[PDB]
Every structure is written in C-alpha cells, then in structure tokens.
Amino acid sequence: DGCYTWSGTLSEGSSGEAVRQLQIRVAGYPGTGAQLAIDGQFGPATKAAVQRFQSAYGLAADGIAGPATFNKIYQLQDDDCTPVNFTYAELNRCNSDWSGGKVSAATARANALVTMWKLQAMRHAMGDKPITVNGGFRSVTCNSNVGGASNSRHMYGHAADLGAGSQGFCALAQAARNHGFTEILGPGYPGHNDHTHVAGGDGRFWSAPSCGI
C-alpha cells in the first residue's frame, strides 16, 4: 500500500486532495474535445469523467467513486503513482532531475503525471497494445538541441511524442481527441510526419492534415 489510499466514497459536492487525486486518475476521460480541470472540486464534469472510467473497465457506471472504483485504480497504479504502463524515465529522455524547463521540476513532473494517466486511458481504449513514447520533458537546452519552438509545451511537462507502434501515427492522433490532449500535431503538419505530438495545457490547437484533422 503506497502511492495514495482513498478513505471513503466521493460524489458531487466533495472537495479536497482526495478529489484532486481522483481527477488526475480520470483526466483521460473528459469527453471529446474537452479537458478536466484539476481543482479538487467534485462537480458535474468530474462525475461524467468517473462514469466514463467505470464504463471503460466494465464497472457499474453511476459516477460515484466508491471502493470498486478505487480497487480498479489500485490495479492501474504503480508504487510511484504512475500508471502501470508508463514511467517517469520513459517520459524524460532529456535529463534525470526534470530541471531546465519553463516551470519548476515539481510542476514539470506533476504536469507529466497527468499526461501519463491520459496515455493509460488511451492505451486501453486502443486495445491494450503498447504505446511507444519517444520523448516527453525537454529542458531549455534539450529543446534547442532539437530546434524545438520557443513556446513548446515539452518544456512544461505537458507533452509526449509518440512513435507509430502497431497503431500508426494517424490512429494515435485521432484517438487523442478523446483523451484531454488540447494540442495534437501529426502527419501533414510541418515537421510532424515521423511522430504524433500530444500535449495537455490551456488552448486547443489540433492539426494532422494527413490524418483528416
């Protein structure tokens, strides 16, 4: 028993860290073209996300976070709080301290953590096949070494660059639309034919012309 343990049921009207932690876990279920706010307040958007999560794993979908809902999260949660199929190291091929960015190392890792939970949801929705992560966090040095953009969300811990795997670039960019990625760049967008870029953060910008987006 390590990362986090929920003490009791959560429903609309609840507020606190327990709510903030659950929002992270279900951040991959905000509805198409939406983003869940991680504010610690259990409102209607939070109930909807929970319902979607419950449905995705064949639990009773009532939108109430009870003990069965927590037992499923416990099955997807690693010691360090990351989901079972993604790790911090896989999300940072830059350095080992998450320093260098446009925000704190702790803010960078927390932003990363949400991205991991969104990827976990997407991994299951796509059929439980491995999703290849090619890059994630980039300090300012790392970003320049790549010739990245000055504004790049990579330096915030919000983005991940995905390789084709058995899904293909387009399948990944299309599904990303359902999992809280406000920024998606892929095939047909300049410098994005050899990977699919997904990122969280404010402001929606979707472009992958070769994929129909």
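Don't overthink the numbering: it's just position in the shown sequence, from 1.
Enquirer: When the Cα temperature factors in the entry are averaged, is it 183-191 or 167-175 that ends up higher?
Expert: Per the PDB record, 183-191.
Enquirer: Can you tell me whether 147-155 has a higher mean C-alpha B factor than 37-45 in this record, or the other way round?
Expert: Higher of the two, by average CA B-factor, is 147-155.
Enquirer: Between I73, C94, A121, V114, where does the Cα B-factor run highest in the record?
Expert: Across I73, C94, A121, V114, the entry lists the biggest C-alpha B-factor for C94.
Enquirer: Looking at the C-alpha B-factor of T9, is it in the lowest, middle or highest third of its chain?
Expert: Highest third of the chain for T9's C-alpha B-factor.
Enquirer: Select lowest, middle or highest to describe the third in which the CA B-factor of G28 falls within its chain in this entry.
Expert: It belongs to the lowest third of the chain when residues are ordered by C-alpha B-factor.
Enquirer: Lowest, middle or highest third: where is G58 by Cα B-factor in its chain?
Expert: Its C-alpha B-factor belongs to the lowest third of this chain's values.
Enquirer: If you rank the chain by CA B-factor, which third does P83 end up in: lowest, middle or highest?
Expert: Tercile = lowest for this residue's CA B-factor.
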